[PDB]
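J.: no sequence on this one, just coordinates:
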RNA sequence: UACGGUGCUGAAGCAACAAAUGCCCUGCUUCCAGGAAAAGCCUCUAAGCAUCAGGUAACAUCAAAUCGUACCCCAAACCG
RNA sequence: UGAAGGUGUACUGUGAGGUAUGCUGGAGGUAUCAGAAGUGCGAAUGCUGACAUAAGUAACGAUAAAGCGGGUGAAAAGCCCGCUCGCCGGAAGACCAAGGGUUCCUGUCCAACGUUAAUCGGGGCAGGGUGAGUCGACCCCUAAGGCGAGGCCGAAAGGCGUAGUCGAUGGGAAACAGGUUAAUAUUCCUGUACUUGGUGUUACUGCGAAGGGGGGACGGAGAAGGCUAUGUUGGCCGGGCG
RNA sequence: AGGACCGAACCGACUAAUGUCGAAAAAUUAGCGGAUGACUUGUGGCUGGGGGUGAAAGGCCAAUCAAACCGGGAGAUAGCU
RNA sequence: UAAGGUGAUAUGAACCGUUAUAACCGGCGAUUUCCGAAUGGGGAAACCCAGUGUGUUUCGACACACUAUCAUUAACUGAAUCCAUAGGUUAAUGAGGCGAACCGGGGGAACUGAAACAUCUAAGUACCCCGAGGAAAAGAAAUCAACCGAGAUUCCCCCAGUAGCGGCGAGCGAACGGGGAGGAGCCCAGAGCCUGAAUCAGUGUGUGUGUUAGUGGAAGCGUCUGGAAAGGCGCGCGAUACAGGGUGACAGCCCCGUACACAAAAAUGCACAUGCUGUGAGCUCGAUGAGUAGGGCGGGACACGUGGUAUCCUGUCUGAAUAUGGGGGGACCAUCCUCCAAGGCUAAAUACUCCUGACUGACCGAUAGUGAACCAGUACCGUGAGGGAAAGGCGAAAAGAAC
Ligand SMILES: [K+]
Ligand SMILES: [Mg+2]
Ligand SMILES: [Mg+2]
Ligand SMILES: [Mg+2]
Ligand SMILES: [Mg+2]
Ligand SMILES: [Mg+2]
Ligand SMILES: [Mg+2]
Ligand SMILES: [Mg+2]
Ligand SMILES: [Mg+2]
Ligand SMILES: [Mg+2]
Ligand SMILES: [Mg+2]
Ligand SMILES: [Mg+2]
Ligand SMILES: [Mg+2]
Ligand SMILES: [Mg+2]
Ligand SMILES: [Mg+2]
Ligand SMILES: [Mg+2]
Ligand SMILES: [Mg+2]
Ligand SMILES: [Mg+2]
Ligand SMILES: [Mg+2]
Ligand SMILES: [Mg+2]
Ligand SMILES: [Mg+2]
Ligand SMILES: [Mg+2]
Ligand SMILES: [Mg+2]
Ligand SMILES: [Mg+2]
Ligand SMILES: [Mg+2]
Ligand SMILES: [Mg+2]
Ligand SMILES: [Mg+2]
Ligand SMILES: [Mg+2]
Ligand SMILES: [Mg+2]
Ligand SMILES: [Mg+2]
Ligand SMILES: [Mg+2]
Ligand SMILES: [Mg+2]
Ligand SMILES: [Mg+2]
Ligand SMILES: [Mg+2]
Ligand SMILES: [Mg+2]
Ligand SMILES: [Mg+2]
Ligand SMILES: [Mg+2]
Ligand SMILES: [Mg+2]
Ligand SMILES: [Mg+2]
Ligand SMILES: [Mg+2]
Ligand SMILES: [Mg+2]
Ligand SMILES: [Mg+2]
Ligand SMILES: [Mg+2]
Ligand SMILES: [Mg+2]
Ligand SMILES: [Mg+2]
Ligand SMILES: [Mg+2]
Ligand SMILES: [Mg+2]
Ligand SMILES: [Mg+2]
Ligand SMILES: [Mg+2]
Ligand SMILES: [Mg+2]
Ligand SMILES: [Mg+2]
Ligand SMILES: [Mg+2]
Ligand SMILES: [Mg+2]
Ligand SMILES: [Mg+2]
Ligand SMILES: [Mg+2]
Ligand SMILES: [Mg+2]
Ligand SMILES: [Mg+2]
Ligand SMILES: [Mg+2]
Ligand SMILES: [Mg+2]
Ligand SMILES: [Mg+2]
Ligand SMILES: [Mg+2]
Ligand SMILES: [Mg+2]
Ligand SMILES: [Mg+2]
Ligand SMILES: [Mg+2]
Ligand SMILES: [Mg+2]
Ligand SMILES: [Mg+2]
Ligand SMILES: [Mg+2]
Ligand SMILES: [Mg+2]
Ligand SMILES: [Mg+2]
Ligand SMILES: [Mg+2]
Ligand SMILES: [Mg+2]
Ligand SMILES: [Mg+2]
Ligand SMILES: [Mg+2]
Ligand SMILES: [Mg+2]
Ligand SMILES: [Mg+2]
Ligand SMILES: [Mg+2]
Ligand SMILES: [Mg+2]
Ligand SMILES: [Mg+2]
Ligand SMILES: [Mg+2]
Ligand SMILES: [Mg+2]
Ligand SMILES: [Mg+2]
Ligand SMILES: [Mg+2]
Ligand SMILES: [Mg+2]
Ligand SMILES: [Mg+2]
Ligand SMILES: [Mg+2]
Ligand SMILES: [Mg+2]
Ligand SMILES: [Mg+2]
Ligand SMILES: [Mg+2]
Ligand SMILES: [Mg+2]
Ligand SMILES: [Mg+2]
Ligand SMILES: [Mg+2]
Ligand SMILES: [Mg+2]
Ligand SMILES: [Mg+2]
Ligand SMILES: [Mg+2]
Ligand SMILES: [Mg+2]
Ligand SMILES: [Mg+2]
Ligand SMILES: [Mg+2]
Ligand SMILES: [Mg+2]
Ligand SMILES: [Mg+2]
Ligand SMILES: [Mg+2]
Ligand SMILES: [Mg+2]
Ligand SMILES: [Mg+2]
Ligand SMILES: [Mg+2]
Ligand SMILES: [Mg+2]
Ligand SMILES: [Mg+2]
Ligand SMILES: [Mg+2]
Ligand SMILES: [Mg+2]
Ligand SMILES: [Mg+2]
Ligand SMILES: [Mg+2]
Ligand SMILES: [Mg+2]
Ligand SMILES: [Mg+2]
Ligand SMILES: [Mg+2]
Ligand SMILES: [Mg+2]
Ligand SMILES: [Mg+2]
Ligand SMILES: [Mg+2]
Ligand SMILES: [Mg+2]
Ligand SMILES: [Mg+2]
Ligand SMILES: [Mg+2]
Ligand SMILES: [Mg+2]
Ligand SMILES: [Mg+2]
Ligand SMILES: [Mg+2]
Ligand SMILES: [Mg+2]
Ligand SMILES: [Mg+2]
Ligand SMILES: [Mg+2]
Ligand SMILES: [Mg+2]
Ligand SMILES: [Mg+2]
Ligand SMILES: [Mg+2]
Ligand SMILES: [Mg+2]
Ligand SMILES: [Mg+2]
Ligand SMILES: [Mg+2]
Ligand SMILES: [Mg+2]
Ligand SMILES: [Mg+2]
Ligand SMILES: [Mg+2]
Ligand SMILES: [Mg+2]
Ligand SMILES: [Mg+2]
Ligand SMILES: [Mg+2]
Ligand SMILES: [Mg+2]
Ligand SMILES: [Mg+2]
Ligand SMILES: [Mg+2]
Ligand SMILES: [Mg+2]
Ligand SMILES: [Mg+2]
Ligand SMILES: [Mg+2]
Ligand SMILES: [Mg+2]
Ligand SMILES: [Mg+2]
Ligand SMILES: [Mg+2]
Ligand SMILES: [Mg+2]
Ligand SMILES: [Mg+2]
Ligand SMILES: [Mg+2]
Ligand SMILES: [Mg+2]
Ligand SMILES: [Mg+2]
Ligand SMILES: [Mg+2]
Ligand SMILES: [Mg+2]
Ligand SMILES: [Mg+2]
Ligand SMILES: [Mg+2]
Ligand SMILES: [Mg+2]
Ligand SMILES: [Mg+2]
Ligand SMILES: [Mg+2]
Ligand SMILES: [Mg+2]
Ligand SMILES: [Mg+2]
Ligand SMILES: [Mg+2]
Ligand SMILES: [Mg+2]
Ligand SMILES: [Mg+2]
Ligand SMILES: [Mg+2]
Ligand SMILES: [Mg+2]
Ligand SMILES: [Mg+2]
Ligand SMILES: [Mg+2]
Ligand SMILES: [Mg+2]
Ligand SMILES: [Mg+2]
Ligand SMILES: [Mg+2]
Ligand SMILES: [Mg+2]
Ligand SMILES: [Mg+2]
Ligand SMILES: [Mg+2]
Ligand SMILES: [Mg+2]
Ligand SMILES: [Mg+2]
Ligand SMILES: [Mg+2]
Ligand SMILES: [Mg+2]
Ligand SMILES: [Mg+2]
Ligand SMILES: [Mg+2]
Ligand SMILES: [Mg+2]
Ligand SMILES: [Mg+2]
Ligand SMILES: [Mg+2]
Ligand SMILES: [Mg+2]
Ligand SMILES: [Mg+2]
Ligand SMILES: [Mg+2]
Ligand SMILES: [Mg+2]
Ligand SMILES: [Mg+2]
Ligand SMILES: [Mg+2]
Ligand SMILES: [Mg+2]
Ligand SMILES: [Mg+2]
Ligand SMILES: [Mg+2]
Ligand SMILES: [Mg+2]
Ligand SMILES: [Mg+2]
Ligand SMILES: [Mg+2]
Ligand SMILES: [Mg+2]
Ligand SMILES: [Mg+2]
Ligand SMILES: [Mg+2]
Ligand SMILES: [Mg+2]
Ligand SMILES: [Mg+2]
Ligand SMILES: [Mg+2]
Ligand SMILES: [Mg+2]
Ligand SMILES: [Mg+2]
Ligand SMILES: [Mg+2]
Ligand SMILES: [Mg+2]
Ligand SMILES: [Mg+2]
Ligand SMILES: [Mg+2]
Ligand SMILES: [Mg+2]
Ligand SMILES: [Mg+2]
Ligand SMILES: [Mg+2]
Ligand SMILES: [Mg+2]
Ligand SMILES: [Mg+2]
Ligand SMILES: [Mg+2]
Ligand SMILES: [Mg+2]
Ligand SMILES: [Mg+2]
Ligand SMILES: [Mg+2]
Ligand SMILES: [Mg+2]
Ligand SMILES: [Mg+2]
Ligand SMILES: [Mg+2]
Ligand SMILES: [Mg+2]
Ligand SMILES: [Mg+2]
Ligand SMILES: [Mg+2]
Ligand SMILES: [Mg+2]
Ligand SMILES: [Mg+2]
Ligand SMILES: [Mg+2]
Ligand SMILES: [Mg+2]
Ligand SMILES: [Mg+2]
Ligand SMILES: [Mg+2]
Ligand SMILES: [Mg+2]
Ligand SMILES: [Mg+2]
Ligand SMILES: [Mg+2]
Ligand SMILES: [Mg+2]
Ligand SMILES: [Mg+2]
Ligand SMILES: [Mg+2]
Ligand SMILES: [Mg+2]
Ligand SMILES: [Mg+2]
Ligand SMILES: [Mg+2]
Ligand SMILES: [Mg+2]
Ligand SMILES: [Mg+2]
Ligand SMILES: [Mg+2]
């Protein structure tokens, strides 16, 4: 995804970060605590996909 | 008002008898928050994420239990819990 | 540069089950293959309450060392040892004596 | 500290030999005094903690010549 | 019948605490020793 | 009544007397050995500033962050 | 087709020893002649570990005291519940600070821990439990004292000390009664309050310090009055007729 | 009024017995002295080893004192066992 | 590089992948909470309290920035006071701390030995402090020799336990000369013609690299015993590979390696071309380091303890000539010889190893070897400085004993 995600606008690349933080990370973090989330692997890849975006928007 | 960061505060909903009794009888929610997490930040987080009318937040820092097992001592994390009181307009 | 790998017919060189042939289920990180129908060890599986609870003895396919097996030729009809040639732009394996590609 | 501003005469150590050669450790303080020198250059007095032999260097050379050397090292006066 | 150790956490840190060692030339050397020996407990704190 | 307690109701709910080492009293009398300091607080103006900025009331609103809170604490939990 | 090591047996040399082999052991050993030594232990009130002896002996930690019934349990003098009995009561009761730090509460488990047993436990193993505008801390201010720009002094390290800044054991704003949890409550709920700041409308209007003055702001003992917490006795109300 | 009197708290430690591998590396039991002052005590300071402090016993300075404790000189030295 | 991965105790769950955006292994970036020199102020380290500007906002508010100290350098702007300095706002640049030894300097013991002990010894040793650098320090003669001549420092072996020193006791102990390792010299205290040409100190440019990832990498079979073959037995074969390790017992040929030939997108440490902000060549004439050398007094360093004591350094008080001069040649003098102090910078041989590799032991094999083969500087002990343990091995494979 990094290669496709490189070529994006600065304002538009925030919206993916805010989408990764709004739902996904939070939703899965809350859902995993209750014990309804069977698929535990989603917590990892999202945390890395944040890091990816965070690194990619550090262009200056 | 403090966008992005508000999402990191609320960790999980707390499950217990004291938690369960305070849902119906007192109209509150008990939940695990971040180590930082001020009453304003928790209120503002619950106001956005859970989307409910917050009356007042009451915070307490739980101490980590010392669990010696096998041969080594080992202590738990000092998690913070927030008794968040809601208004008359409430939900699960 | 692993000589023995997944979908590969091997023959056992040493040990009880000497001379038998089979395919590798999965080569481990420790440096040990698990070939099917080779080291059949009769484990006494204790009945765990959660999930399945059979409560009976079972024949498990135990691990064997990589050195104790060699790849089967299927031409000469015996064990053969592996090299690494550069046919085209790829490090491909080959049989020492009867230089063919797998 | 007991150090001459001009010559750098600091207090050295030595032995205090008795008639029976009993070496008891002592120290040689230099002859320091807080003296005021008239500098003719800028029309003023300059207080310098100097040894008696320093004063003779200040009289041998010029006070300005010594104050030139003092400032070269990075000192105050 | 009243023993030597009569603890007080203020006195502990005031007397033997990290900053109380850091304050002095000699106290810095203590820590430099505990670090050199490689202790987990550098000072009581 | 799971035999733990919950739910509901609930009469009188006064008077004298005594009385502290408590409180008025950080007071009063007295004695000498003659009994911390500094802010908050109140007040007056300098340097300033004049339809300003400030005060002052009145009502409104907003807020009051963070940390400790269990339990032992003349003791089987502290020092021995 | 069984090494070293362990353990027996039979030969053998003048001795330190040597040879062969049974069992155990399950993989190393080493002729001969040379070479080098951490080269031989019974003692050192030797040093470390293991195990004896006294010995199934003393002791089981206040002479405040138990008795019986029922319960659960493999099992009950000790645990639970009940009825008596005894002991403390300016404490052996109840709240705090200091200091401990989960010892609190519930469920379960007795290997070790408990100077006995243990179903019980401050024991082990899970889960739960500490909710503050008002209590305390942090915060505004200082004493003793500490630190200490420049500074003076000191062979170097550093010593002392000024403006400052820390430092409570002291000074400075405000909440109580009731209910409630298995475990928290002056915090949760219920009632009724209070204080300090910020920011707006209105009606007035001379405000403003690193400065001045007031206050804060103070000893011992004594004596006396007025009270209150609190008690006792009536009345009153509900029950009792032994 | 009082370094006044008697006497609890509090502070002490005169006598006796018990204890002496103790319940306790200084205590218990019954009596005992002071108990508004040269009193006693909480919290925090300051004084450091030939140094402190001492109503002075060579007392006390972390169960250690006619010179603390820990590390170093250091395997001091020993005509001694 | 790659077919298997999601570190371990440590199975499991849920998933990645398999010809290439899995994993892994390197280069260069990114993030880098809080304490810690800690640096906005404080503070009982990992906590508590701030201001000025910037961008935003729905009243509540966040957000990122910046603020330590000193040291030089610059502008400022300013006392007592005329000028002024003293001071004070802001600005650059640097320093602060930590680390095993080794080095130079500032201070500096005692036990002990002398069969006691005071000079002396131990010894400028331990220790404390300051400043360093890959090394450091020393260093181009005011050196030391003997009418022969040698030509800077440093380190090794001799000279030599010699000459000396010494309560002439205990003890301490040279130089000359010689053999070696390594070699290298220069700048200032300045005036002509002529000037970028030797030189370096950068921005560099050149290959060669070396290094931090790597690739290929030879040739064995059959029987016998056994749980298992690498073993015995019998025949092969590779060897610039029989170093070593693993594998169910001892493997050249089963595997990982080994010898040998190849590798780097990127960062770097080297040795030569060489464009260069920037630096000075040949040769004239004249300079040659004053409170200094020496001296008195008191100490110290020289092997040399004031002794008949040269030499150097100095705390103290004094004081030349200054190259038709001065130092030295071990009291001193006179002749000869030799150097030229009172200012600087200089590589190599030399010392060390906290640390990174590789390789080797007539080193140890769990009471040994590090205190520590093991979650050890841990448990535990101590107010604290500080002290400080014990504890290894099932088996080839968990096939860890279903019932
Ligand atoms: K009275
Ligand atoms: Mg998916
Ligand atoms: Mg509330
Ligand atoms: Mg709170
Ligand atoms: Mg932890
Ligand atoms: Mg590989
Ligand atoms: Mg390879
Ligand atoms: Mg000296
Ligand atoms: Mg004298
Ligand atoms: Mg001496
Ligand atoms: Mg003067
Ligand atoms: Mg006593
Ligand atoms: Mg003790
Ligand atoms: Mg103290
Ligand atoms: Mg102190
Ligand atoms: Mg570490
Ligand atoms: Mg009355
Ligand atoms: Mg009273
Ligand atoms: Mg009274
Ligand atoms: Mg009164
Ligand atoms: Mg009073
Ligand atoms: Mg007030
Ligand atoms: Mg007021
Ligand atoms: Mg008002
Ligand atoms: Mg606030
Ligand atoms: Mg309580
Ligand atoms: Mg309670
Ligand atoms: Mg109690
Ligand atoms: Mg009590
Ligand atoms: Mg009491
Ligand atoms: Mg009490
Ligand atoms: Mg007790
Ligand atoms: Mg008691
Ligand atoms: Mg105890
Ligand atoms: Mg046999
Ligand atoms: Mg046998
Ligand atoms: Mg044998
Ligand atoms: Mg023989
Ligand atoms: Mg023999
Ligand atoms: Mg034999
Ligand atoms: Mg045999
Ligand atoms: Mg072997
Ligand atoms: Mg052997
Ligand atoms: Mg042998
Ligand atoms: Mg031999
Ligand atoms: Mg033989
Ligand atoms: Mg023989
Ligand atoms: Mg022979
Ligand atoms: Mg021996
Ligand atoms: Mg023995
Ligand atoms: Mg003997
Ligand atoms: Mg052992
Ligand atoms: Mg018996
Ligand atoms: Mg007996
Ligand atoms: Mg008997
Ligand atoms: Mg008996
Ligand atoms: Mg008995
Ligand atoms: Mg008892
Ligand atoms: Mg007894
Ligand atoms: Mg009793
Ligand atoms: Mg009685
Ligand atoms: Mg029953
Ligand atoms: Mg039960
Ligand atoms: Mg039963
Ligand atoms: Mg049962
Ligand atoms: Mg029964
Ligand atoms: Mg039965
Ligand atoms: Mg009974
Ligand atoms: Mg009983
Ligand atoms: Mg109670
Ligand atoms: Mg506490
Ligand atoms: Mg404890
Ligand atoms: Mg516990
Ligand atoms: Mg309990
Ligand atoms: Mg049970
Ligand atoms: Mg039960
Ligand atoms: Mg039992
Ligand atoms: Mg069990
Ligand atoms: Mg028992
Ligand atoms: Mg129970
Ligand atoms: Mg428990
Ligand atoms: Mg409020
Ligand atoms: Mg307050
Ligand atoms: Mg000071
Ligand atoms: Mg200063
Ligand atoms: Mg200092
Ligand atoms: Mg200084
Ligand atoms: Mg303050
Ligand atoms: Mg206080
Ligand atoms: Mg009020
Ligand atoms: Mg009630
Ligand atoms: Mg209840
Ligand atoms: Mg109340
Ligand atoms: Mg009250
Ligand atoms: Mg009302
Ligand atoms: Mg209200
Ligand atoms: Mg009001
Ligand atoms: Mg107000
Ligand atoms: Mg101020
Ligand atoms: Mg003021
Ligand atoms: Mg007072
Ligand atoms: Mg008065
Ligand atoms: Mg009074
Ligand atoms: Mg009265
Ligand atoms: Mg009245
Ligand atoms: Mg009353
Ligand atoms: Mg009343
Ligand atoms: Mg009463
Ligand atoms: Mg009465
Ligand atoms: Mg009557
Ligand atoms: Mg009555
Ligand atoms: Mg009547
Ligand atoms: Mg009636
Ligand atoms: Mg009636
Ligand atoms: Mg009735
Ligand atoms: Mg009096
Ligand atoms: Mg009296
Ligand atoms: Mg009397
Ligand atoms: Mg009395
Ligand atoms: Mg009493
Ligand atoms: Mg007593
Ligand atoms: Mg006594
Ligand atoms: Mg008594
Ligand atoms: Mg009495
Ligand atoms: Mg009497
Ligand atoms: Mg007194
Ligand atoms: Mg007193
Ligand atoms: Mg006391
Ligand atoms: Mg006292
Ligand atoms: Mg002190
Ligand atoms: Mg001192
Ligand atoms: Mg000393
Ligand atoms: Mg005394
Ligand atoms: Mg005496
Ligand atoms: Mg002790
Ligand atoms: Mg004594
Ligand atoms: Mg002494
Ligand atoms: Mg020595
Ligand atoms: Mg000895
Ligand atoms: Mg890995
Ligand atoms: Mg893992
Ligand atoms: Mg593994
Ligand atoms: Mg794993
Ligand atoms: Mg970085
Ligand atoms: Mg920071
Ligand atoms: Mg900073
Ligand atoms: Mg700071
Ligand atoms: Mg402050
Ligand atoms: Mg600070
Ligand atoms: Mg602390
Ligand atoms: Mg902080
Ligand atoms: Mg901040
Ligand atoms: Mg600016
Ligand atoms: Mg914040
Ligand atoms: Mg700024
Ligand atoms: Mg700036
Ligand atoms: Mg700045
Ligand atoms: Mg500055
Ligand atoms: Mg300057
Ligand atoms: Mg001007
Ligand atoms: Mg002025
Ligand atoms: Mg003027
Ligand atoms: Mg001017
Ligand atoms: Mg100047
Ligand atoms: Mg200046
Ligand atoms: Mg530095
Ligand atoms: Mg060394
Ligand atoms: Mg040195
Ligand atoms: Mg001596
Ligand atoms: Mg002697
Ligand atoms: Mg002797
Ligand atoms: Mg003697
Ligand atoms: Mg010496
Ligand atoms: Mg010497
Ligand atoms: Mg340094
Ligand atoms: Mg080097
Ligand atoms: Mg260099
Ligand atoms: Mg150098
Ligand atoms: Mg030099
Ligand atoms: Mg020389
Ligand atoms: Mg020549
Ligand atoms: Mg000779
Ligand atoms: Mg003599
Ligand atoms: Mg000579
Ligand atoms: Mg000579
Ligand atoms: Mg020579
Ligand atoms: Mg050369
Ligand atoms: Mg050269
Ligand atoms: Mg290359
Ligand atoms: Mg190969
Ligand atoms: Mg074979
Ligand atoms: Mg054989
Ligand atoms: Mg043969
Ligand atoms: Mg090799
Ligand atoms: Mg080999
Ligand atoms: Mg091998
Ligand atoms: Mg090996
Ligand atoms: Mg074997
Ligand atoms: Mg072999
Ligand atoms: Mg062989
Ligand atoms: Mg062979
Ligand atoms: Mg390249
Ligand atoms: Mg290249
Ligand atoms: Mg390419
Ligand atoms: Mg770089
Ligand atoms: Mg010269
Ligand atoms: Mg001379
Ligand atoms: Mg003369
Ligand atoms: Mg002379
Ligand atoms: Mg004379
Ligand atoms: Mg002299
Ligand atoms: Mg020297
Ligand atoms: Mg000497
Ligand atoms: Mg002589
Ligand atoms: Mg001289
Ligand atoms: Mg002369
Ligand atoms: Mg003259
Ligand atoms: Mg000449
Ligand atoms: Mg001439
Ligand atoms: Mg002449
Ligand atoms: Mg001479
Ligand atoms: Mg001569
Ligand atoms: Mg010359
Ligand atoms: Mg000269
Ligand atoms: Mg020269
Ligand atoms: Mg000189
Ligand atoms: Mg060089
Ligand atoms: Mg060279
Ligand atoms: Mg290599
Ligand atoms: Mg060897
Ligand atoms: Mg061995
Ligand atoms: Mg060991
Ligand atoms: Mg062993
Ligand atoms: Mg080591
Ligand atoms: Mg550890
Ligand atoms: Mg302890
Ligand atoms: Mg400790
Ligand atoms: Mg079993």
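T.: Cool, the structure landed. Numbers count the residues shown, from 1 in each chain, chains lettered A, B, ... in the order given. Ligands and ions are numbered 1, 2, ... in the order given.
J.: Check which helix or strand residue 15 maps to.
T.: All of this refers to chain A. helix A:10-20 (DSSP states H and E).
J.: my bad, the chain I had in mind was chain D
T.: Here residue D:15 is assigned to strand D:12-16, by DSSP H and E.
J.: List the pairing partners of that strand within its sheet, with orientation.
T.: As defined by DSSP bridges, the strand partners of strand D:12-16 come to strand D:24-28 (antiparallel).
J.: For chain D, list the residue farthest from the centre, please.
T.: residue D:20 (34.1 Å; C-alpha atoms, centre = their mean).
J.: hmm, who's touching the helix holding residue A:15?
T.: By C-beta atoms under 8 Å, 6 or more residues apart in numbering or on different chains, the residues outside helix A:10-20 that reach it are A:5, A:8, A:46, A:49-50, A:53-54, A:56-57, A:59, B:4. Where C-beta positions appear, they are placed from N, C-alpha and C, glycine not excepted.
J.: Whether it contacts RNA strand I - can you check?
T.: No: if you take C-beta under 7 Å from any atom of the strand as the test, helix A:10-20 misses RNA strand I, and the best it gets is 13.4 Å.
J.: what's the offset of that helix from the middle of its chain?
T.: 9 Å (C-alpha atoms, centre = their mean, to the nearest Å).
J.: can you map out the helices along chain E?
T.: E:9-16, E:18-22, E:25-37 (DSSP state H).
J.: so of those, which one's packed in deepest?
T.: Of all the helices of chain E, helix E:18-22 carries the top mean neighbour count, a mean of 14, counting by mean count of other C-beta atoms under 10 Å in any protein chain shown.
J.: Can you name every helix or strand that that helix contacts?
T.: Applying 3 or more C-beta pairs under 8 Å, 6 or more residues apart in numbering or on different chains; DSSP states H and E, one finds that helix E:18-22 contacts helix E:9-16, helix E:25-37.
J.: Torsion angles phi and psi at residue D:70?
T.: phi -60, psi -50 (degrees, to the nearest 10).
J.: Please disregard the earlier target; I meant residue D:52.
T.: For residue D:52, the backbone dihedrals (degrees, to the nearest 10) come out as phi -50, psi -40.
J.: and it, how many neighbours?
T.: Counted with other C-beta atoms under 10 Å in any protein chain shown, the neighbours of residue D:52 add up to 13.
J.: what's the spacing between residue A:36 and RNA strand F?
T.: 30 Å (C-beta to the nearest atom of the strand, to the nearest Å).
J.: so that residue, which of the three states?
T.: coil (DSSP: H, G, I helix; E, B strand; the rest coil).
J.: Report the beta-bridge partner residues of the spatially most central residue of chain B.
T.: Centroid check for chain B by C-alpha atoms, centre = their mean gives residue B:31 as the closest residue, at 2.6 Å. Residue B:31 forms beta bridges with residue B:13, residue B:82, as assigned by DSSP bridges.
J.: My read is that it contacts residue B:84, right?
T.: Yes: under the criterion of C-beta atoms under 8 Å, residue B:31 makes contact with residue B:84 at 6.6 Å.
J.: where along the chain do the helices fall?
T.: Using chain A here. Counting by DSSP H, the helices of chain A are A:2-6, A:10-20, A:26-34, A:42-56.
J.: Chain D is the one I meant
T.: Secondary structure of chain D (DSSP H): helices at D:52-60, D:63-73.
J.: Nearest to RNA strand I, out of those?
T.: Among these, helix D:52-60 comes nearest to RNA strand I, with 3.3 Å by C-beta to the nearest atom of the strand.
J.: Establish whether that closest one and RNA strand I are in contact.
T.: Yes: using C-beta under 7 Å from any atom of the strand, helix D:52-60 reaches RNA strand I at D:52-53, D:56-57, D:59-60.
J.: List of residues touching that helix?
T.: Applying C-beta under 8 Å, 6+ apart, the set of residues contacting helix D:52-60 is D:4-7, D:9, D:31, D:33, D:35, D:37, D:48, D:50, D:66.
J.: Out of the helices of chain D, which is closest to residue C:37?
T.: In terms of C-beta to C-beta, the element of the helices of chain D nearest to residue C:37 is helix D:63-73, at 91.6 Å.
J.: and that closest one, does that touch RNA strand G?
T.: No: contact between helix D:63-73 and RNA strand G is absent, the nearest approach being 14.8 Å (criterion: C-beta under 7 Å from any atom of the strand).
J.: The strand or helix carrying residue C:44 - contacts with which helices or strands?
T.: Using DSSP H and E, residue C:44 maps to strand C:40-45. Contact partners of strand C:40-45 among helices and strands, from 3+ C-beta pairs under 8 Å, 6+ apart: strand C:56-61.
J.: which residues sit in contact with residue 55?
T.: Unless you meant another one, I'm taking chain A. If you count contacts by C-beta under 8 Å, 6+ apart, then residue A:55 has nothing around it.
J.: right idea, wrong chain: chain C
T.: Contact partners of residue C:55, counting by C-beta under 8 Å, 6+ apart, are C:45-47.
J.: restrict the residues you listed to contacts with RNA strand I.
T.: C:45-47.
J.: so which of those is the most crowded?
T.: Of these, with other C-beta under 10 Å as the count, residue C:45 tops at 13 neighbours.
J.: residues making contact with the strand holding residue C:44?
T.: Applying C-beta under 8 Å, 6+ apart, the contact partners of strand C:40-45 are C:17, C:54-62.
J.: 7 Å instead?
T.: C:54, C:56-62 (C-beta atoms under 7 Å, 6 or more residues apart in numbering or on different chains).
J.: Residue C:7: which of those residues is nearest?
T.: Lowest distance from residue C:7 to the contacts of strand C:40-45 (C-beta to C-beta) belongs to residue C:61, with 16.4 Å.
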